[PDB]
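*Asks:* What follows is upload_16.pdb, made up of PDB, C-alpha atoms:
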```
ATOM      1  CA  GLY A   9       5.007  -0.886 -20.620
ATOM      2  CA  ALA A  10       2.658   2.088 -21.322
ATOM      3  CA  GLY A  11      -0.724   0.534 -22.370
ATOM      4  CA  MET A  12       0.286  -3.207 -22.175
ATOM      5  CA  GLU A  13      -2.208  -5.357 -20.111
ATOM      6  CA  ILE A  14      -0.508  -7.795 -17.630
ATOM      7  CA  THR A  15      -2.230 -10.640 -15.651
ATOM      8  CA  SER A  16       0.677 -12.148 -13.587
ATOM      9  CA  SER A  17       3.160 -10.727 -11.051
ATOM     10  CA  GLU A  18       5.896  -8.366 -12.271
ATOM     11  CA  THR A  19       7.975  -5.373 -11.130
ATOM     12  CA  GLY A  20       9.818  -2.915 -13.430
ATOM     13  CA  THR A  21      10.027   0.795 -14.303
ATOM     14  CA  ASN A  22       7.490   2.679 -16.486
ATOM     15  CA  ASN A  23       7.644   6.417 -17.422
ATOM     16  CA  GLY A  24      10.185   7.196 -14.631
ATOM     17  CA  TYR A  25       8.218   5.292 -11.932
ATOM     18  CA  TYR A  26       8.844   1.923 -10.262
ATOM     19  CA  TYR A  27       5.715  -0.303 -10.511
ATOM     20  CA  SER A  28       4.877  -3.541  -8.610
ATOM     21  CA  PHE A  29       1.979  -5.827  -9.687
ATOM     22  CA  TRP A  30       1.580  -8.973  -7.509
ATOM     23  CA  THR A  31      -1.360 -11.465  -7.557
ATOM     24  CA  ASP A  32      -1.574 -14.993  -5.999
ATOM     25  CA  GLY A  33      -3.416 -15.848  -9.300
ATOM     26  CA  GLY A  34      -6.959 -16.061  -7.778
ATOM     27  CA  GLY A  35      -9.791 -14.957 -10.148
ATOM     28  CA  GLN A  36      -8.854 -12.346 -12.818
ATOM     29  CA  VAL A  37      -6.595  -9.299 -12.154
ATOM     30  CA  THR A  38      -5.403  -7.103 -15.094
ATOM     31  CA  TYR A  39      -2.826  -4.313 -14.516
ATOM     32  CA  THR A  40      -1.888  -1.537 -17.010
ATOM     33  CA  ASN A  41       0.819   1.178 -16.877
ATOM     34  CA  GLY A  42      -0.387   4.574 -18.167
ATOM     35  CA  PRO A  43       1.564   7.783 -18.876
ATOM     36  CA  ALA A  44       3.743   9.275 -16.087
ATOM     37  CA  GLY A  45       2.767   8.044 -12.561
ATOM     38  CA  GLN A  46      -0.595   6.573 -13.730
ATOM     39  CA  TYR A  47      -1.723   2.909 -13.410
ATOM     40  CA  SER A  48      -5.047   1.025 -13.907
ATOM     41  CA  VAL A  49      -6.146  -2.306 -12.379
ATOM     42  CA  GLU A  50      -9.389  -4.308 -12.910
ATOM     43  CA  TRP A  51     -10.213  -7.407 -10.841
ATOM     44  CA  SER A  52     -12.988 -10.040 -10.712
ATOM     45  CA  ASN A  53     -13.359 -12.558  -7.793
ATOM     46  CA  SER A  54      -9.639 -11.962  -6.919
ATOM     47  CA  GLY A  55      -7.364 -13.780  -4.526
ATOM     48  CA  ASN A  56      -4.899 -11.357  -2.813
ATOM     49  CA  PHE A  57      -3.266  -8.747  -5.175
ATOM     50  CA  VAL A  58      -1.212  -5.543  -4.769
ATOM     51  CA  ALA A  59      -0.690  -3.022  -7.628
ATOM     52  CA  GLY A  60       0.830   0.457  -7.957
ATOM     53  CA  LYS A  61       3.564   2.894  -8.954
ATOM     54  CA  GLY A  62       6.115   4.742  -6.837
ATOM     55  CA  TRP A  63       9.862   4.530  -6.037
ATOM     56  CA  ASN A  64      12.530   1.853  -5.342
ATOM     57  CA  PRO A  65      14.062   2.540  -2.983
ATOM     58  CA  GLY A  66      11.318   4.629  -1.335
ATOM     59  CA  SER A  67      12.447   7.690   0.714
ATOM     60  CA  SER A  68      10.400  10.077   2.956
ATOM     61  CA  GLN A  69       8.978  12.048  -0.029
ATOM     62  CA  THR A  70       5.613  13.921   0.268
ATOM     63  CA  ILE A  71       3.423  12.038  -2.287
ATOM     64  CA  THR A  72       0.423  13.563  -4.110
ATOM     65  CA  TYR A  73      -1.891  10.998  -5.747
ATOM     66  CA  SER A  74      -5.226  11.352  -7.571
ATOM     67  CA  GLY A  75      -7.805   9.313  -9.548
ATOM     68  CA  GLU A  76     -10.491   6.790  -8.799
ATOM     69  CA  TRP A  77     -10.938   3.606  -6.687
ATOM     70  CA  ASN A  78     -14.182   1.596  -7.386
ATOM     71  CA  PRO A  79     -14.022  -1.704  -5.406
ATOM     72  CA  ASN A  80     -16.966  -4.150  -4.895
ATOM     73  CA  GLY A  81     -15.819  -5.852  -1.639
ATOM     74  CA  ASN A  82     -12.518  -5.983   0.342
ATOM     75  CA  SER A  83      -9.954  -3.464  -1.035
ATOM     76  CA  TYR A  84      -7.559  -0.851   0.441
ATOM     77  CA  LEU A  85      -5.854   2.200  -1.143
ATOM     78  CA  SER A  86      -2.518   2.911   0.613
ATOM     79  CA  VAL A  87       0.996   4.237   0.473
ATOM     80  CA  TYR A  88       2.460   0.735   0.747
ATOM     81  CA  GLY A  89       6.023  -0.624   0.998
ATOM     82  CA  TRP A  90       8.797  -2.394   2.907
ATOM     83  CA  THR A  91      11.976  -1.885   4.965
ATOM     84  CA  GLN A  92      14.706  -4.546   5.411
ATOM     85  CA  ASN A  93      16.793  -5.264   8.536
ATOM     86  CA  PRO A  94      14.350  -5.268  10.094
ATOM     87  CA  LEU A  95      11.867  -6.702   7.569
ATOM     88  CA  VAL A  96       8.755  -4.394   7.765
ATOM     89  CA  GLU A  97       5.655  -4.233   5.500
ATOM     90  CA  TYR A  98       3.929  -0.814   5.966
ATOM     91  CA  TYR A  99       0.528   0.743   5.070
ATOM     92  CA  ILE A 100      -0.688   4.405   5.139
ATOM     93  CA  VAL A 101      -4.374   3.583   4.453
ATOM     94  CA  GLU A 102      -6.208   6.463   2.688
ATOM     95  CA  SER A 103      -9.404   4.353   2.318
ATOM     96  CA  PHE A 104     -10.686   0.757   2.785
ATOM     97  CA  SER A 105     -13.994  -0.738   1.526
ATOM     98  CA  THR A 106     -15.744  -3.489   3.562
ATOM     99  CA  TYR A 107     -12.935  -4.518   5.991
ATOM    100  CA  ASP A 108     -10.874  -2.386   8.415
ATOM    101  CA  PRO A 109      -7.394  -4.001   7.989
ATOM    102  CA  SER A 110      -6.290  -2.877  11.545
ATOM    103  CA  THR A 111      -8.899  -5.333  12.996
ATOM    104  CA  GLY A 112      -6.946  -7.730  15.307
ATOM    105  CA  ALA A 113      -4.003  -5.246  15.458
ATOM    106  CA  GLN A 114      -3.067  -3.141  18.546
ATOM    107  CA  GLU A 115      -3.509   0.692  18.398
ATOM    108  CA  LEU A 116      -0.365   2.609  19.502
ATOM    109  CA  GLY A 117      -1.653   6.197  19.050
ATOM    110  CA  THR A 118      -2.773   8.640  16.321
ATOM    111  CA  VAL A 119      -0.906  11.049  13.948
ATOM    112  CA  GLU A 120      -2.534  14.242  12.498
ATOM    113  CA  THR A 121      -1.213  15.163   8.996
ATOM    114  CA  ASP A 122      -2.493  16.099   5.480
ATOM    115  CA  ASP A 123      -5.802  17.337   7.057
ATOM    116  CA  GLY A 124      -6.316  13.796   8.461
ATOM    117  CA  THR A 125      -6.212  11.795  11.717
ATOM    118  CA  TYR A 126      -4.547   8.361  11.260
ATOM    119  CA  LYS A 127      -4.675   5.542  13.877
ATOM    120  CA  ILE A 128      -1.368   3.621  14.316
ATOM    121  CA  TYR A 129      -1.222  -0.203  14.733
ATOM    122  CA  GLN A 130       1.326  -3.056  14.582
ATOM    123  CA  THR A 131       0.790  -6.770  13.812
ATOM    124  CA  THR A 132       3.241  -9.645  13.196
ATOM    125  CA  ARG A 133       2.832 -11.753  10.023
ATOM    126  CA  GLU A 134       4.226 -15.269  10.853
ATOM    127  CA  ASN A 135       5.653 -17.404   7.968
ATOM    128  CA  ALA A 136       4.007 -15.142   5.299
ATOM    129  CA  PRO A 137       5.162 -14.054   1.801
ATOM    130  CA  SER A 138       7.741 -11.184   1.727
ATOM    131  CA  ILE A 139      10.092  -9.345  -0.683
ATOM    132  CA  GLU A 140      12.882 -11.678   0.688
ATOM    133  CA  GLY A 141      10.770 -14.914   0.859
ATOM    134  CA  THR A 142       8.563 -16.696   3.460
ATOM    135  CA  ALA A 143       9.377 -14.719   6.645
ATOM    136  CA  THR A 144       8.049 -13.457  10.015
ATOM    137  CA  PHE A 145       7.851  -9.605  10.169
ATOM    138  CA  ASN A 146       5.997  -6.599  11.645
ATOM    139  CA  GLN A 147       3.408  -4.720   9.571
ATOM    140  CA  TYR A 148       2.795  -1.053  10.564
ATOM    141  CA  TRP A 149      -0.558   0.700   9.881
ATOM    142  CA  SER A 150      -1.569   4.391   9.700
ATOM    143  CA  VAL A 151      -5.336   4.289   8.909
ATOM    144  CA  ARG A 152      -7.089   7.592   7.981
ATOM    145  CA  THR A 153     -10.211   7.979  10.217
ATOM    146  CA  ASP A 154     -11.955   9.921   7.376
ATOM    147  CA  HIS A 155     -11.548   7.919   4.108
ATOM    148  CA  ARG A 156     -10.526   9.740   0.872
ATOM    149  CA  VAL A 157      -9.305   9.099  -2.704
ATOM    150  CA  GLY A 158      -6.761  11.825  -3.558
ATOM    151  CA  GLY A 159      -4.429  14.147  -1.655
ATOM    152  CA  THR A 160      -0.970  14.578  -0.066
ATOM    153  CA  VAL A 161       0.753  11.856   2.048
ATOM    154  CA  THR A 162       3.680  13.350   4.061
ATOM    155  CA  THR A 163       5.291   9.922   4.690
ATOM    156  CA  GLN A 164       7.934  11.519   7.018
ATOM    157  CA  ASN A 165       5.024  12.291   9.467
ATOM    158  CA  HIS A 166       3.878   8.580   9.385
ATOM    159  CA  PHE A 167       7.482   7.185   9.811
ATOM    160  CA  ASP A 168       8.232   9.611  12.716
ATOM    161  CA  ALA A 169       4.900   8.652  14.441
ATOM    162  CA  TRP A 170       5.765   4.908  14.012
ATOM    163  CA  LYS A 171       9.375   5.502  15.271
ATOM    164  CA  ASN A 172       7.832   7.581  18.118
ATOM    165  CA  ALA A 173       5.743   4.509  19.220
ATOM    166  CA  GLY A 174       8.935   2.326  19.358
ATOM    167  CA  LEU A 175       8.421   0.810  15.854
ATOM    168  CA  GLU A 176      11.815   0.000  14.171
ATOM    169  CA  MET A 177      12.197   0.991  10.452
ATOM    170  CA  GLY A 178      15.039  -0.714   8.485
ATOM    171  CA  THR A 179      16.525   0.189   5.041
ATOM    172  CA  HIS A 180      13.733   1.332   2.641
ATOM    173  CA  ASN A 181      12.861  -1.056  -0.195
ATOM    174  CA  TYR A 182      10.096   0.046  -2.633
ATOM    175  CA  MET A 183       7.239   2.461  -1.672
ATOM    176  CA  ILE A 184       4.141   2.670  -4.002
ATOM    177  CA  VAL A 185       0.580   4.134  -3.945
ATOM    178  CA  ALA A 186      -1.008   0.642  -3.996
ATOM    179  CA  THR A 187      -4.473  -0.744  -4.821
ATOM    180  CA  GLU A 188      -4.834  -4.033  -2.800
ATOM    181  CA  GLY A 189      -7.802  -6.456  -2.992
ATOM    182  CA  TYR A 190      -8.965  -9.763  -1.443
ATOM    183  CA  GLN A 191     -11.961 -11.890  -2.574
ATOM    184  CA  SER A 192     -13.453  -8.848  -4.406
ATOM    185  CA  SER A 193     -13.964  -7.284  -7.864
ATOM    186  CA  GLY A 194     -13.396  -3.629  -8.805
ATOM    187  CA  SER A 195     -11.419  -1.141 -10.870
ATOM    188  CA  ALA A 196      -9.106   1.699  -9.816
ATOM    189  CA  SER A 197      -7.214   4.299 -11.876
ATOM    190  CA  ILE A 198      -4.574   6.173  -9.818
ATOM    191  CA  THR A 199      -1.912   8.815 -10.750
ATOM    192  CA  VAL A 200       1.250   9.324  -8.585
ATOM    193  CA  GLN A 201       2.204  13.026  -9.339
TER     194      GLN A 201
END
```
Would you give me this structure, written as structure tokens?
*Replies:*
Amino acid sequence: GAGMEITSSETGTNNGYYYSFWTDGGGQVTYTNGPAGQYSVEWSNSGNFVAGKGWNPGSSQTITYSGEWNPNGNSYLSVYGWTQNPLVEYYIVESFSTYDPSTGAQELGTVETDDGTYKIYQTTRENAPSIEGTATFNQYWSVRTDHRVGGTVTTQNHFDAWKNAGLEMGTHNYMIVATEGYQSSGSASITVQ
């Protein structure tokens, strides 16, 4: 892993961390594992891609992450992952570029944590890609009102706020600090501590 450039989807472990790189193959996307919890990604006229390091299975650990997120166009930086039974894709959005991803989603409240205010939303993806195949599932969103690149994400506070709103969480699959992009270029270099 450490230092090897990859250009198509893979998951594995690198330097004690789980890592997930997924791309639909649009434009160019290059992912690299670095030392410890560090990853780099560079993209150029991308389709949809998700990249980052973390844990499988994810728990309710308080994550600290640092580094650098330089997108040109649509990109989010998030604590990202999935539960099963029910199937749930979830996002704790630290920053987004040119597109608020909670657009067309329904706001269920706010949660204050990690010196932030985060707005809570749910959508339903219908017949979309998933960790268990083409499926119909809820996505949950916590979106920081004041964007940042680096700090503490107390995921327990986001899960409790979702559960508070009546949002079911199943059994935790992976949870990563993810760089996502769509129809953009950019680079990002992020360390999970």
*Asks:* I'd like to see the residues matched by the PyMOL selection byres ((chain A and resi 113) around 10) on this file, and ideally I'd get them as a PDB file with C-alpha atoms, in the coordinates of the input.
*Replies:*
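Writing done, so here's part_27.pdb:
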```pdb
ATOM      1  CA  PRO A 109      -7.394  -4.001   7.989  1.00  0.00           C
ATOM      2  CA  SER A 110      -6.290  -2.877  11.545  1.00  0.00           C
ATOM      3  CA  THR A 111      -8.899  -5.333  12.996  1.00  0.00           C
ATOM      4  CA  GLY A 112      -6.946  -7.730  15.307  1.00  0.00           C
ATOM      5  CA  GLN A 114      -3.067  -3.141  18.546  1.00  0.00           C
ATOM      6  CA  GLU A 115      -3.509   0.692  18.398  1.00  0.00           C
ATOM      7  CA  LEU A 116      -0.365   2.609  19.502  1.00  0.00           C
ATOM      8  CA  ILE A 128      -1.368   3.621  14.316  1.00  0.00           C
ATOM      9  CA  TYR A 129      -1.222  -0.203  14.733  1.00  0.00           C
ATOM     10  CA  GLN A 130       1.326  -3.056  14.582  1.00  0.00           C
ATOM     11  CA  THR A 131       0.790  -6.770  13.812  1.00  0.00           C
ATOM     12  CA  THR A 132       3.241  -9.645  13.196  1.00  0.00           C
ATOM     13  CA  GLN A 147       3.408  -4.720   9.571  1.00  0.00           C
ATOM     14  CA  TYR A 148       2.795  -1.053  10.564  1.00  0.00           C
ATOM     15  CA  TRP A 149      -0.558   0.700   9.881  1.00  0.00           C
TER      16      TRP A 149
END
```
*Asks:* For segment 61-66 of chain A, list every protein, DNA or RNA residue within 10 Å, evaluated using all atoms listed in the file, and leave out those in the same chain fewer than 6 positions away; present the list as a ChimeraX atom specification.
*Replies:* /A:19-22,24-29,41,44-47,87-91,179-187,198-201
*Asks:* Specify as a VMD selection string each residue included when the PyMOL selection byres ((chain A and resi 107) around 10) is applied to this file.
*Replies:* chain A and resid 81 to 84 104 to 106 108 to 111 190
*Asks:* Once the PyMOL selection byres ((chain A and resi 166) around 9) has been applied to the shown file, what residues remain in the selection, as a ChimeraX atom specification?
*Replies:* /A:100,119,121,126,128,150,161-165,167-171
*Asks:* List the spatial neighbours of residue 137 of chain A as a ChimeraX atom specification - criterion: any atom at most 12 Å away, all atoms listed in the file, same-chain residues fewer than 3 positions off excluded.
*Replies:* /A:30-32,56,95-97,133-134,140-145
*Asks:* Could those selected residues go to a file with C-alpha atoms, as a CSV table (one decimal), in the coordinates of the input?
*Replies:*
```csv
chain,number,residue,atom,x,y,z
A,30,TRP,CA,1.6,-9.0,-7.5
A,31,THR,CA,-1.4,-11.5,-7.6
A,32,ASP,CA,-1.6,-15.0,-6.0
A,56,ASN,CA,-4.9,-11.4,-2.8
A,95,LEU,CA,11.9,-6.7,7.6
A,96,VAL,CA,8.8,-4.4,7.8
A,97,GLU,CA,5.7,-4.2,5.5
A,133,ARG,CA,2.8,-11.8,10.0
A,134,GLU,CA,4.2,-15.3,10.9
A,140,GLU,CA,12.9,-11.7,0.7
A,141,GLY,CA,10.8,-14.9,0.9
A,142,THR,CA,8.6,-16.7,3.5
A,143,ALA,CA,9.4,-14.7,6.6
A,144,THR,CA,8.0,-13.5,10.0
A,145,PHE,CA,7.9,-9.6,10.2
```
